[PDB]
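Undergrad: Have a look at this one.
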Amino acid sequence: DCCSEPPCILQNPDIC
């Protein structure tokens with residue numbers, strides 16, 4: 001998921 005996936009956390013903190 002976003003919060004367990006470094007690129008997502010950094011690009012889209014909202015999605016996290």
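Labels used: A, B, ... for chains in the order of the structure tokens, numbers from 1 for residues in each chain, and numbers from 1 for ligands as shown.
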Can you tell me which residues surround residue 3 of chain A at a distance of at most 9 Å, considering only C-alpha atoms, apart from same-chain residues fewer than 4 positions away, and format the answer as a list in words?
TA: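 Here the qualifying residues turn out to be residues 8, 9, 13, 15 and 16 of chain A.
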Undergrad: Could you write out, as number ranges by chain, all the residues of chain A that DSSP marks as alpha helix (DSSP H)?
TA: A: 6-11
